[PDB]
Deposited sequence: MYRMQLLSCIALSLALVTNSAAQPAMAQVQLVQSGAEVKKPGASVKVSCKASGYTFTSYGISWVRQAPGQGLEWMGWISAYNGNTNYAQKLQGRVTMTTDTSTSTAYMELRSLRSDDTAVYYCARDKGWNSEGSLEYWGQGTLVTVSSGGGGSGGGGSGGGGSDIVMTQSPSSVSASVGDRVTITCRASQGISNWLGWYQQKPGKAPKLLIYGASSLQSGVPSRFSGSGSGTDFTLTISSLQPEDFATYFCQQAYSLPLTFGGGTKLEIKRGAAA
């Protein structure tokens, strides 16, 4: 099926540029855009921008503007990031993600395997609680609140330690194909809820809520569902 593969690690020096490549296979390259996400070690997800593979239009985050260059090559079906003037706090894991469709370009469906790079009026999304504990077979609920009304543009992601995030619910009410029906999502406007009726031993991970209303895309703080 659809699969995205990146390059190896890059041990750089301050002031030196770094290039990250992501090659996709299993679909028509020009029909979907590619977004780029960053995750610091032990902190939450961060967004950098995206590039459309049909017309080449690019969007960059305002924080990292002037240092990120995004290019695409449809002949070999690859997407490249170039980053310049590396700082001491640029060490992270960089992910290339693919959107879902035509107008659902804020929902990152397929994710890359992650490249570990080591260096030598935005909508604020709040998530509660932070360190909820439970047991197998129980029912748990998690709440996500936005600073502004975002209609029904919200997505729920699950990330286990050492693995890429996985899309679970898009639109705050629609379950992604292949996800078990145990998970449920509800709410609209400002407050949203994600509920697990029957917990399982394979559902212990960290959960994020991401809004797709206005740029830049913002991820939730993360709720650690421990055992």
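Missing from the model relative to the deposited sequence are positions 1-27, 148-162, 270-275 (no C-alpha coordinates, numbering from 1).
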